[PDB]
Amino acid sequence: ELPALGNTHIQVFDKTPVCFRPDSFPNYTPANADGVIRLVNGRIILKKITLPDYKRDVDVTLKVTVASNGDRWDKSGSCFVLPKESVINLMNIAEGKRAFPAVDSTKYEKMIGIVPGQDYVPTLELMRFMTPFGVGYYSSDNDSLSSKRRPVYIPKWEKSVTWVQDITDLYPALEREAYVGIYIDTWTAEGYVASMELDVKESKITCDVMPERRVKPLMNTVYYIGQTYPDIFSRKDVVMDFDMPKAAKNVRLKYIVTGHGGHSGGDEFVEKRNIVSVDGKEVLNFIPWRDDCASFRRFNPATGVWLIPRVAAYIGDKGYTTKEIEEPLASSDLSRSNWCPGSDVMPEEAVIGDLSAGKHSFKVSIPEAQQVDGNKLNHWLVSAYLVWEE
Amino acid sequence: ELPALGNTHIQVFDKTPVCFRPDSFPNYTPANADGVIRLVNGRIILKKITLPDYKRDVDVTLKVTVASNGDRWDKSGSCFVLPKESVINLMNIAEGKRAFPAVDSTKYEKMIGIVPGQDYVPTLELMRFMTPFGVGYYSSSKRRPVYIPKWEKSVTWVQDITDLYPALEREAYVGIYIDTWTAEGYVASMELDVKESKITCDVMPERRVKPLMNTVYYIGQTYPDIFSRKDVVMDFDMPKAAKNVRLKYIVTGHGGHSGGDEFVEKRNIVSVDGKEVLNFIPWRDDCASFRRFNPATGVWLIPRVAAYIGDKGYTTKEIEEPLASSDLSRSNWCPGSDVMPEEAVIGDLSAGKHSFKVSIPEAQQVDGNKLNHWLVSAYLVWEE
Amino acid sequence: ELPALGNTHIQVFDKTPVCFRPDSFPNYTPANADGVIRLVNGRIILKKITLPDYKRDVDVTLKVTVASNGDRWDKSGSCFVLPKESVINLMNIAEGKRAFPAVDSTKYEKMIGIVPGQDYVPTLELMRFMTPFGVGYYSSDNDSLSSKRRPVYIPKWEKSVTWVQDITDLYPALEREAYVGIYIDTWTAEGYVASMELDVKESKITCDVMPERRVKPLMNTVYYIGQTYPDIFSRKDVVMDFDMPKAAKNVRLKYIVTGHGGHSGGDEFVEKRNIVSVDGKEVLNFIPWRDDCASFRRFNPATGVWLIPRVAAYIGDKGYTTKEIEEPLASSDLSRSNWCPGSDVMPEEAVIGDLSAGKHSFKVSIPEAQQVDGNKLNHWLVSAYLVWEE
Amino acid sequence: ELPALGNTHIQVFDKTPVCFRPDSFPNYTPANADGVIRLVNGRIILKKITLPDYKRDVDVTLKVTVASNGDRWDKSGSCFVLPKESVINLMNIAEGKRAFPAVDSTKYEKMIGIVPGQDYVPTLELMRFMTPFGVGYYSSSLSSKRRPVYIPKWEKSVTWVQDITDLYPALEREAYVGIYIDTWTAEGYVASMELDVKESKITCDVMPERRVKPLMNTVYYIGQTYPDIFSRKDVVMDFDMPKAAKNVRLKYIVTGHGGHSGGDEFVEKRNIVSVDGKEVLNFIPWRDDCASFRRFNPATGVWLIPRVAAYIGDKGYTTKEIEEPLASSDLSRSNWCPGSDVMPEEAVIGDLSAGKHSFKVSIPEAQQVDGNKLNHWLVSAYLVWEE
């Protein structure tokens, strides 16, 4: 019979600004009155959370809400947690106390912080998201920029976007005390406002002992701080070793990927096969893609718009007929490499099976990925981790 | 320490046709080789399911998939279960062995089978859904907007129905109804997943379900526009006092002509023992999000001044923009959507008699071809 | 002793839309229920006005008000009247019943309608104006476009712009019955709204006989309809002859000019001497120029804005000091060739003196004017007329 | 049929210095070679003007031009005329021959000369103006520490024009007009003044019988104190109308002062003006367009104000933090800007019977002078009508 501590709800962030204001915020700003720490001139918000010492099992739910506060763009986002087992992390790097470890250039070029190294474990992602174009700030009924960009089939713009995911598997990374944060690749002073809620529901069953969950971050190419766009996959596969000190049963891989390069023909808009392997065996092999981005239209008041001519069938006063029309196409409608402006990203899972104690290899290959070329910022945001029960 | 029976998965239907073929199927066709029973000329498919005698708690998940097999329309659908405590049900009515009880015309007009009566409990809905326009059969441009790169080939809905386990326990007849009138019809799939608790001490709670109302016109029934003349009021009995009772309410508005209840906002007010427990406008304003599931929808050209990027920067011009019937805002659904029931915490209910009332006061009457109506089902759930 | 008819006020236009909607309006649309006639797809609004047969002298005041209705730009405008003595005019040209007369290419190239010809007298301008950038439509307190474009020294945007001029000298062109209108070089469907009021204040003096005023339009390069950008001054002076049927005493010339070509280094932004002559004698010789456009800032919420670095002296907490800052400069702040976005244009006057009956010459020279070059639309909008009492 | 005398143009002052040089000019200096009389050490310039005996109606236009000749601040100014009907005036007070009448302290404290008294009618203002910060002398390259990027060039002087036809009776035949500037520097300013009288071309157009009656003037021309009296009491006074008058109009000229932070120069204060116990004006004297005068203020003080600003950068529209210059001259003020004149507010009073009438000016939240905080209100008022 285990004691009940009760549920825990945390309003981590509440319309907390995420922006780029290098005159107000340097690489590191200590905790403000609300506990918010800011890194990289405001592009990263961070907060220490405490959770009671749960003995019973729990369910963990994450709810992230974003709105533009002026920034018009669809920027990349990462809700994350600093790994507890890592001496080096984003915060003490920002403070100037540490640095990402140097990497072997034959394997990882100049891609610091994407794989583990001495005293370093890559940042763990709680949720990858992509902001829509200007939701909120540009969403009013008579907004001077978006009011005549609203298609006839969209009765009203949404005022914000919200994503919810079960992250129970990540409880080990949140337990007792942890630093969680949100990063948005924003370069405007107006930026965004972000909200984040953690809901920990404690089991009502007296006998329900908390299982021994484990999490092992493997990789993270998100360019949080002093990092470079990850187009490395265009020249080489990213291969790394990892250790399993103890044999583990029924291990699962979680893989989070989005493709980027927003110019015409860039990796944001072209299909590229991802092949992920463990110990030389393929465990995921698929094209990260979405063809439903029109479904996010009401979240994108400030998206760009083009007129595409098309012969359209329709019902006129004298029955069915056809005519040439000029049909609006929004940038937000376009199919993309595993996301849409206004979507989150569900991690792909793969059941790895049992892993013996000892050395193992992990490989991520996006063989036709394109190189950065001047202003063509082709890259792939990839993070991965393992989870299992001991 | 309770024994583990393990999980149970049932592929109830698998691309099972739902159609209207009165030359092949009469009002009742007994179970075929795959266990499928057909009622009303194929408009209803039904199957007996069996589940192990679970002692531990469980989670129940329902997954329904639909595709057109030629039918072009957005027709109403109901995935349901025949209440175990009812002598009279859709099946024995179809067999010609029973009939919905006659009703008091002062209270319910000619709306047979929508409320309980002698030996009758209304059908219980596991999931209300609305088919999209021709998904699958018509999914391969004059129809496809430039912002839709490809049509989906089918539509799928998933809901947790754990609270309905008592209606499914041991043995039950589940089915799918689609208001289809074509021989080509649809194909429907249905999966039930019962995930048993991995915890040794986790005793199954004593869940209860009590169906109160169901206006879905399954068989020999009339369009439910009754709300336009009177509120639907009924009594129900609670044999035992119950704590923390919850009401689940499933509503969709209908009448697909211009200005009909499918397309106009109407406040729904639901009461128990004279106290309002729900009061809201059932509405959806996001139906454009379902566009890729509607290849066969009707289309109009609407004029509009539009902002766009031309060769000399941003500018504006008059255009004629396609608007699909499927894009239109509706009374709590879209072609291709399911319906999440609204919940309300009723609180404690004493043993004895109680009243239940559903009021949609501005609902419109059927008028010739204007088929205004409201599909409403409701039930109570609680633990003893 | 002359009878008093009293004053006459006419609300010619009242937030009447001026726009470019070729699918709704062809070259000519007849008078609507309010008397408004539309030409050139909505770019020109026109209306027949009637005035009592005044015997006493009068004062005529014109009041034009404009607001954007979505069009973001600072477009050229002309409030005008169709000359009574002209068989051919903008309206019957729009109706397809007439055409500007063909011109001698050695003198006027392909600049149709800018000088008189057979059955044609150039349009007479009541007022030349330049719309500001988006006033009204983009002027609200929290407008998503103009909100952070408001300089600290501008407490609030204006919601419209209004110009008033005395046009008493033009009474002969308005007398009894006349067609007046407004043209705006708008190419957007949203366009503008325009208002126009004529106030005729009758003299209170019993003996005050109306003088015999005369008006003679000479030139007008405004491209109202099927006309070309007037960069002709870059290759040749515009010279023309005119006839004075009767000798006239103390004749005055009125000259309305604005320079154009909004690209960097174009005639909108460069000083160009104008030299105007009658019978070979210079009567005006000046640089049409304004250096006070910053004064119109509150009318230009949608103007473009740049950040210009500058070392600025200021009072800080430790006394007088200096620092590098980035100071906003608006397109509307820039000095221009005789106008600002949001200004009207006061005609320059010159006392010509007496003119004998017969032939006379008139010449307008802007010798360093630039040519049109692809997208560089250099030109000069020039109109001129004579006025005198007989 | 009335004879035509033709138009009259008078160049009253032409870059005539207005300054404070007590060693060169005492309280009174008689007319110099150009007819210029100087009072209070140069702070006031004065000149006798003559106008033909016009029988037809006329229009009177006043054009005043000012430039700094070294004086850097935005000082108060008053273009005026000595009332013809007054025995006591600024000039004979300066000469030491007369004095403002003593006042009742319970009503007017120590505010001499602001209301009428025995043998005294307050000075009549043709135009109230406020000099800009150093125009001309400091009105000088591409990058400048003082000149904002949106100001291509400083103006070299400032000019104001007003129709003052209603004031013809105060100018008729012969009158002493002048300019006062509250300057305390030896460098001071230069001032120009032109009067243009345009005679009607109509034979029948008889000049109407216009009248002017000065009521109040708190401008501290000579041996006078800053007028913060409104902060303790309303200014109430009586006046006499020897003959009944029809359709009388009140003209009220007000500017608020106290140039320190939070002073009456920069705070909104309701003015309530009453005649015979009825309110005739009730309003906040205010201007919110002072940025429009920027090019006339080269020597103004400047602050840096932080703000997020939208702008076009090389990669499209964006926003960033900046420190934006705000000039003292840009600030909203109590009915003026550095470089502006003041249009009088008018009110139609209606008919006034012959006899006694009362007039009252109340600025109830006006602030008191406090050491170097020189809060005050410059107010003048007069009546006009046709008989």
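Note that the chains are named A, B, C and D in the order they appear, and that numbering of residues resets to 1 at the start of each chain.
Throughout what follows, a residue touches a chain if its C-beta (ideal position, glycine included) is under 8 Å from a C-beta of that chain, and two chains touch if they have at least 3 such contacts.
Student: Which pair, C-D or A-D, has more C-beta contacts?
Tutor: C-D
Student: With chain centres set to the mean of the C-alpha atoms, which chain is at the far end from chain B?
Tutor: Between chain B and every other chain, the largest centroid distance is to D.
Student: Measure off the straight-line distance from the CA centroid of chain A to the CA centroid of chain C, and report it in whole Å.
Tutor: Taking the average C-alpha coordinate of chain A and of chain C, the gap between them is 56 Å.
Student: Averaging over Cα atoms per chain, report the distance between chain A and chain B in Å.
Tutor: Inter-chain centre distance comes to 36 Å.
Student: How many angstrom lie between the CA centroids of chain A and chain D, rounded to a whole number?
Tutor: Chain A and chain D have C-alpha centres separated by 67 Å.
Student: Residues touching two or more other chains, restricted to chain D: which are they?
Tutor: 308, 319-320
Student: Have a look at which chains touch which and call the overall pattern line, ring, star, complete or other.
Tutor: other
Student: If I apply the definition of touch given earlier, which pairs of chains qualify?
Tutor: Every touching chain pair, ordered by label, is A-B, A-C, A-D, B-C, C-D.
Student: What part of chain D is in contact with chain A in the complex they form?
Tutor: 308, 317-321
Student: For a test of understanding, state which residues of chain B touch chain A in their complex under the given definition.
Tutor: 141-143, 145-150, 199-202, 285-286, 288-292, 298-302, 304-310, 316-317, 319-324, 327, 329
Student: Report the residues of chain C in contact with chain A in the complex, numbered from low to high.
Tutor: Against chain A, the touching part of chain C is residues 70, 137-138, 140, 143-146, 148, 190.
Student: Hey, which residues of chain C end up touching chain B in the complex?
Tutor: 21, 23-24, 70-72, 187-190
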